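Q: Fold the stuff below for me.
(2 chains, ligands or ions: 2)
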Number of protein chains: 2
Amino acid sequence: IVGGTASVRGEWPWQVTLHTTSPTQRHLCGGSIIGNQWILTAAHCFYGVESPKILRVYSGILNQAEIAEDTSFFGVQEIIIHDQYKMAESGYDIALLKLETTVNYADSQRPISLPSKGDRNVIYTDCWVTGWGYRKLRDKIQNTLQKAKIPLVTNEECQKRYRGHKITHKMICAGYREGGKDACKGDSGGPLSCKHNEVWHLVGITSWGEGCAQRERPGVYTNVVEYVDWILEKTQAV
Amino acid sequence: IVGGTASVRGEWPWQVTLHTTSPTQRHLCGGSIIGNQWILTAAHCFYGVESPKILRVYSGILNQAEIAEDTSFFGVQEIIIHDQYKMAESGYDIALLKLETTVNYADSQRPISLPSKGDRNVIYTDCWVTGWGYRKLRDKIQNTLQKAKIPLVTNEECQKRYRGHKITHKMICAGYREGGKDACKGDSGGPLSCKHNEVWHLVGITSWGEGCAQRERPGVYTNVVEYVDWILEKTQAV
Ligand SMILES: Cc1cc(N)nc2ccc(N)cc12
Ligand SMILES: Cc1cc(N)nc2ccc(N)cc12
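A: Residues are numbered from 1 along each chain as shown, chains lettered A, B, ... in the order given. Ligands and ions are numbered 1, 2, ... in the order given. What follows is the structure:
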């Protein structure tokens, strides 16, 4: 996160850190708790990941320093990548992790509500991007979970800023015209969370951008509401 | 290493990477193989290290990417810190690791000779600093073992550049007047290796500097030849 600040412990209790154990353990991506056995994240996070066995999901984390060999985590039973996904910049940058065990909800770990198709008309004015990602393009993973409040921009405006891309209705963009606050490397898969009528909604999934927090380059996010049917389909038993 | 280049595999076969496993595994410091059971490194590397159980020594490494949960390593049986050590900037920045098992020497892993008291008169003109450390003050650990050729400077000259310090005869300095090449964070404990009469000698141990590779700020190293009696004393059996 560029231009963000340190979060209060547990103020983003749906936020997880997804680690890979290969070759040695490190943060890979963000993700969001959306069900007792389900994390929603970005498909592009799994580039070169050949098995869910190397993945660990940590909930209730503020600082990466909390994670040691003796820290409890959730194993991943299955990675579900959208079948239309090719790469982040083409859209469909969405994936589910089915956990091996179920999350016991508590103040530090609980699910975020999905947006409603009826909220497509809502103007979200209180949106935040969160993660342990870079503070600038060439940087490193941060210890303390960072937060930044970022305004949504229209898809029409976003298309103006990405003339070599097709910014689709399955994407949503957020950023300041002058830049300064944005997701960056390592924030991928985390939430764009918007509070509306006292409820937090998972509006976006951090996906891509040209650089981080540059002027006239909004961050691009997966438009979660366009995938509520897919999420329902994929999270049913057998 | 600032201003360095990628090493050829095994061209520094005495160079080890010392990892800590706490809280999760990461490179901590460099070190040098000097005996079948002995690594020479910097005392300051062990700040807050309460037990040798959390340490792993990896030999024969070029890229950190080689190190996975299944990669062989040497355990540490004992950390021996010089009894006069207080901090890097005051000198005595020297420590031995006694390994749990012995190193089987090969082209990729073998010991470096210690300097002779009779070489105190030698002008070393072919000295190199090596490590996986930062490329600049605020950076991160590098994948490929880096090397930089750096000229020794006189202690008189070094003292000129560090007016708030006492640069002692138990220290040795190296750097360009214009800067640009130097050790940096994460290179600590590694060798300053000088080739003289076709033999590599362990002249220094990377210790400290004000910033990395700054103009008129030579890197400061432990002057290994001043500790050959100590090394002998500490590496004897019971
Ligand atoms: C995830 C992400 C978002 C963004 N807005 N910019 C980025 C730039 C580089 C990168 N590797 C990832 C990025
Ligand atoms: C080990 C080391 C050497 C040097 N020449 N400069 C440094 C600067 C900062 C730091 N943390 C370590 C350094």
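Q: Find the nearest non-adjacent residue to the residue nearest in space to the middle of chain A, please.
A: The geometric centre of chain A, computed from its C-alpha atoms, lies nearest to residue A:190 (C-alpha atoms, centre = their mean), at 1.7 Å. Nearest non-adjacent residue to residue A:190, counting by C-beta to C-beta, 6 or more residues apart in numbering or on different chains: residue A:30, 2.6 Å away. All C-beta spots, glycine's among them, are computed from the backbone N, C-alpha and C.
Q: Against residue B:78, how distant is the one you found?
A: Using C-beta to C-beta, to the nearest Å, we find residue A:30 at a distance of 41 Å from residue B:78.
Q: Those two: which has the busier surroundings?
A: residue A:30 (29 against 12; other C-beta atoms under 10 Å in any protein chain shown).
Q: Neighbours of the residue in chain A that ligand 2 sits nearest to, how many?
A: Nearest residue of chain A to ligand 2 (C-beta to the nearest ligand atom) works out as residue A:140 at 14.8 Å. Residue A:140 sits with 16 neighbouring residues when counted by other C-beta under 10 Å.
Q: Might you report the residue contacts of it?
A: If you count contacts by C-beta atoms under 8 Å, 6 or more residues apart in numbering or on different chains, residue A:140 has them with A:134, B:139-140.
Q: Nearest spatial neighbour of residue A:112, chain-adjacent residues omitted?
A: Of all residues not flanking residue A:112 in the chain, residue A:14 sits nearest, at 3.7 Å (C-beta to C-beta, 6+ apart).
Q: State the distance from the residue nearest to residue A:95 when sequence neighbours are not counted to residue B:12.
A: Take residue A:95 and drop its neighbours on the chain: the residue closest to it by C-beta to C-beta, 6+ apart is residue A:43, 4.4 Å away. According to C-beta to C-beta, residue A:43 stands 41 Å off from residue B:12.
Q: These two: which is more packed in?
A: The neighbour comparison of residue A:43 against residue B:12 (other C-beta under 10 Å) goes to residue A:43, with 26 against 23.
Q: Now do the same contact list for the more buried one.
A: Residue A:43 sits next to A:81-82, A:85, A:88, A:92-95 when contact means C-beta under 8 Å, 6+ apart.
Q: Equivalent analysis for residue A:130, please.
A: Neighbours of residue A:130 in contact, by C-beta under 8 Å, 6+ apart: A:1, A:4, A:7, A:12, A:15, A:30, A:145-148, A:187, A:190-191, A:193.
Q: ok and the residue in chain A nearest ligand 1?
A: Chain A approaches ligand 1 most closely through residue A:209 (2.5 Å), counting by C-beta to the nearest ligand atom.
Q: Next, residue A:176: secondary structure please.
A: coil (DSSP: H, G, I helix; E, B strand; the rest coil).
Q: just residue A:160 next, same as before
A: helix.
Q: what about it, how many residues close to it?
A: 13.
Q: swap in residue A:173?
A: Applying other C-beta under 10 Å, we find 26 residues neighbouring residue A:173.
Q: The one 3 residues further on now?
A: The burial metric for residue A:176, expressed as a neighbour count using other C-beta under 10 Å, is 17.
Q: if I read this right, it contacts residue A:150, doesn't it?
A: Yes - here residue A:176 reaches residue A:150: they are 7.1 Å apart, a contact under C-beta atoms under 8 Å.
Q: What ranges does chain A have for its helices?
A: For chain A, the helices defined by DSSP state H occupy A:155-161, A:228-234.
Q: would you put the C-alpha positions of the first one in CSV?
A: Taking C-alpha atoms only, helix A:155-161 is exported to CSV below (Å, rounded to 0.1, in the frame of the first residue of the first chain):
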residue,chain,number,x,y,z
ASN,A,155,-15.2,3.2,-15.6
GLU,A,156,-15.4,5.9,-18.3
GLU,A,157,-12.7,7.9,-16.5
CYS,A,158,-10.6,4.7,-15.9
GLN,A,159,-10.7,3.9,-19.6
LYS,A,160,-9.3,7.4,-20.3
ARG,A,161,-6.3,6.6,-18.2
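Q: Alright, calling it a day.
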